[PDB]
Amino acid sequence: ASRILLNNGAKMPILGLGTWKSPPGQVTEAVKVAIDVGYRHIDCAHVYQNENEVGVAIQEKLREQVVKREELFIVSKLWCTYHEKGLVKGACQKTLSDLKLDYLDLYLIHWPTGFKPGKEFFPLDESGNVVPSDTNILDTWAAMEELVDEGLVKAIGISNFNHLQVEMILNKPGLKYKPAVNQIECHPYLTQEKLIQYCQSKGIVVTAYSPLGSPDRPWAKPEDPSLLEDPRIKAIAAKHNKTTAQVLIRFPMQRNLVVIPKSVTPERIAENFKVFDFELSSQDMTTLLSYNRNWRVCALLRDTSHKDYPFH
Ligand SMILES: NC(=O)c1ccc[n+]([C@@H]2O[C@H](COP(=O)([O-])OP(=O)(O)OC[C@H]3O[C@@H](n4cnc5c(N)ncnc54)[C@H](OP(=O)(O)O)[C@@H]3O)[C@@H](O)[C@H]2O)c1
Ligand SMILES: O=C(O)Cc1nn(Cc2nc3cc(C(F)(F)F)ccc3s2)c(=O)c2ccccc12
Numbered sequence: 001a002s003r004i005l006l007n008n009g010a011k012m013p014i015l016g017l018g019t020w021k022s023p024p025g026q027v028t029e030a031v032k033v034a035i036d037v038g039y040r041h042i043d044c045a046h047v048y049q050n051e052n053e054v055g056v057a058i059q060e061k062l063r064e065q066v067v068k069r070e071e072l073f074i075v076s077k078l079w080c081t082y083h084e085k086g087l088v089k090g091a092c093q094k095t096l097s098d099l100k101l102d103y104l105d106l107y108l109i110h111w112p113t114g115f116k117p118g119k120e121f122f123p124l125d126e127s128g129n130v131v132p133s134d135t136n137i138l139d140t141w142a143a144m145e146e147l148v149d150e151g152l153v154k155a156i157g158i159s160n161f162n163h164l165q166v167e168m169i170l171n172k173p174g175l176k177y178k179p180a181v182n183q184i185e186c187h188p189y190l191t192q193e194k195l196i197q198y199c200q201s202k203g204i205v206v207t208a209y210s211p212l213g214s215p216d217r218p219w220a221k222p223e224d225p226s227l228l229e230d231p232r233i234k235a236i237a238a239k240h241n242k243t244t245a246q247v248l249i250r251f252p253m254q255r256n257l258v259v260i261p262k263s264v265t266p267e268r269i270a271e272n273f274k275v276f277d278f279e280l281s282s283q284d285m286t287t288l289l290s291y292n293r294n295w296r297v298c299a300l301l302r303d304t305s306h307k308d309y310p311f312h
């Protein structure tokens with residue numbers, strides 16, 4: 001099936017297009033191509049600094065009647081400098097204005113860590129420490145719930161939340177809406193079996209980010225493990241006459257995850273969508289899982305003192 005049922009009653013496409021690092025001058029066309037090819041889910045964020053350009057693409061394809069707004073599943077995220085109760089709606093509205101939408105299908109707390117509000121995404125003190133905010137995730141969550149009740153977003157969720165942090169939301173006094181989604185890093189070198197079982201058991205859908213290992217992340221090193229070039233994964237792909245990226249996308253799909261590979265390359269945007277015509281075997285799946293190295297690609301601030309750092 002192409003969509004998975006969320007705990008808010010809505011269906012979410014299990015394949016979406018990532019937009020982190022997609023240059024502002026390239027992402028409009030990337031998203032137009034993605035919609036032409038059949039993508040219906042776009043993963044966005046204010047912090048990606050390209051929501052205006054994404055929104056241009058969405059608007060043109062709505063205009064062209066290639067798609068209807070109800071068929072689209074548009075996701076964005078609340079950046080760390082806006083965890084304060086009084087700033088959340090403003091943040092959402094800015095995202096909505098840039099995307100040129102009147103609602104979001106899903107809005108996530110991007111990271112559990114709140115940062116000092118200001119123009120800066122990563123406000124630091126004179127020593128280079130990130131300056132935290134004194135807001136806790138449970139009041140942030142209340143503010144996310146208001147957005148549902150105001151009609152700005154159809155669903156709310158979390159991202160980069162660990163087991164204990166998800167549990168705190170679930171156990172919030174006066175919890176009104178459960179998180180629909182936890183969007184986390186997930187691929188064969190970081191399989192996250194425990195976290196995914198815990199979320200899925202609570203009816204929380206998991207989205208796998210960086211499914212190709214984010215080879216374009218700015219802090220990558222040439223020496224780094226490479227999923228795309230792992231000969232073992234190469235082998236499985238060849239067995240199925242698919243590419244290694246297609247296997248890497250199909251893999252979380254069969255774990256009942258949502259997955260959001262990023263590309264601005266039209267041929268890859270198309271290739272990445274052609275993952276509904278083959279099946280990995282249970283053995284292929286277990287073998288892929290066996291490659292876990294607990295290797296996390298996307299996380300800076302590893303030495304942060306932030307009380308809500310999720311990866312200790
Ligand atoms: N919640 C959060 O904190 C968080 C964190 C990280 C990521 N995410 C989301 O998840 C999305 C995906 O993760 P990601 O951007 O980190 O990386 P990713 O999707 O794992 O990999 C992106 C890299 O793969 C290349 N690529 C794409 N398709 C390919 C193919 N078929 N063959 C070979 N190379 C291919 C892309 O190149 P080209 O673009 O040049 O084609 C780009 O360099 C993000 O864009 C963002 O939407 C969320
Ligand atoms: O965010 C994206 O989607 C991708 C993403 N990841 N990272 C790595 C990060 N490492 C963090 C560590 C913490 C911490 F928990 F330590 F405080 C908090 C927040 C972050 S962001 C970035 O630095 C970043 C910068 C601009 C746009 C996107 C990103």
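For the sequence shown, the deposited numbering gives the first residue as 1, with consecutive numbering after it.
Every residue gets a Cβ at the ideal spot worked out from N, C-alpha and C, and that includes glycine.
Can residue i and residue j be called in contact, C-beta distance under 7 Å?
{"i": "residue 254", "j": "residue 280", "result": "yes"}
{"i": "residue 13", "j": "residue 2", "result": "yes"}
{"i": "residue 45", "j": "residue 76", "result": "yes"}
{"i": "residue 116", "j": "residue 131", "result": "yes"}
{"i": "residue 209", "j": "residue 183", "result": "yes"}
{"i": "residue 48", "j": "residue 81", "result": "no"}
{"i": "residue 196", "j": "residue 179", "result": "no"}
{"i": "residue 247", "j": "residue 236", "result": "yes"}
{"i": "residue 222", "j": "residue 252", "result": "no"}
{"i": "residue 87", "j": "residue 109", "result": "no"}
{"i": "residue 156", "j": "residue 103", "result": "no"}
{"i": "residue 225", "j": "residue 189", "result": "yes"}
{"i": "residue 65", "j": "residue 264", "result": "no"}
{"i": "residue 113", "j": "residue 306", "result": "yes"}
Nearest CA to the CA of residue i: which residue from the options?
{"i": "residue 147", "options": "26, 85, 49, 265", "result": "85"}
{"i": "residue 174", "options": "204, 142, 192, 167", "result": "142"}
{"i": "residue 39", "options": "160, 25, 58, 47", "result": "58"}
{"i": "residue 199", "options": "190, 164, 128", "result": "164"}
{"i": "residue 288", "options": "308, 250, 274, 270", "result": "250"}
{"i": "residue 128", "options": "236, 275, 304", "result": "304"}
{"i": "residue 218", "options": "29, 94, 299", "result": "299"}
{"i": "residue 314", "options": "297, 264, 73", "result": "In the structure as shown, the chain begins at 1 and stops at 312. Residue 314 is therefore absent and cannot be evaluated."}
{"i": "residue 153", "options": "92, 309, 136, 283", "result": "92"}
{"i": "residue 239", "options": "224, 170, 278, 296", "result": "278"}
{"i": "residue 241", "options": "274, 220, 269, 256", "result": "274"}
{"i": "residue 170", "options": "194, 138, 90, 83", "result": "138"}
{"i": "residue 60", "options": "271, 41, 36, 285", "result": "36"}
Does ligand 2 have a heavy atom nearer than 6 Å to the CB of residue i?
{"i": "residue 298", "result": "yes"}
{"i": "residue 111", "result": "yes"}
{"i": "residue 301", "result": "yes"}
{"i": "residue 306", "result": "yes"}
{"i": "residue 309", "result": "yes"}
{"i": "residue 54", "result": "no"}
Taking the alpha-carbon positions, what's the residue i to residue j distance?
{"i": "residue 187", "j": "residue 151", "result": "34 Å"}
{"i": "residue 121", "j": "residue 234", "result": "38 Å"}
{"i": "residue 258", "j": "residue 140", "result": "24 Å"}
{"i": "residue 172", "j": "residue 215", "result": "37 Å"}
{"i": "residue 294", "j": "residue 311", "result": "11 Å"}
{"i": "residue 5", "j": "residue 204", "result": "10 Å"}
{"i": "residue 67", "j": "residue 17", "result": "16 Å"}
{"i": "residue 176", "j": "residue 145", "result": "7 Å"}
{"i": "residue 31", "j": "residue 267", "result": "13 Å"}
{"i": "residue 7", "j": "residue 149", "result": "16 Å"}
{"i": "residue 166", "j": "residue 308", "result": "12 Å"}
{"i": "residue 282", "j": "residue 213", "result": "22 Å"}
{"i": "residue 220", "j": "residue 136", "result": "32 Å"}
Less than 6 Å separating the Cβ of residue i from some heavy atom of ligand 1?
{"i": "residue 191", "result": "no"}
{"i": "residue 18", "result": "yes"}
{"i": "residue 265", "result": "yes"}
{"i": "residue 245", "result": "yes"}
{"i": "residue 260", "result": "yes"}
{"i": "residue 160", "result": "yes"}
{"i": "residue 99", "result": "no"}
{"i": "residue 229", "result": "no"}
{"i": "residue 214", "result": "yes"}
{"i": "residue 271", "result": "yes"}
{"i": "residue 283", "result": "no"}
{"i": "residue 211", "result": "yes"}
{"i": "residue 43", "result": "yes"}
Does the beta carbon of residue i fall short of 6 Å from some heavy atom of ligand 3?
{"i": "residue 140", "result": "With respect to ligand 3, the structure shown offers nothing to examine, as its ligands consist of ligand 1 and ligand 2."}
Query raised in the report: So does the region 50-67 actually touch the region 91-102, counting three or more Cβ pairs closer than 8 Å?
Result: Three or more Cβ pairs drawn from the region 50-67 and the region 91-102 lie within less than 8 Å of each other, which places the two stretches in contact.
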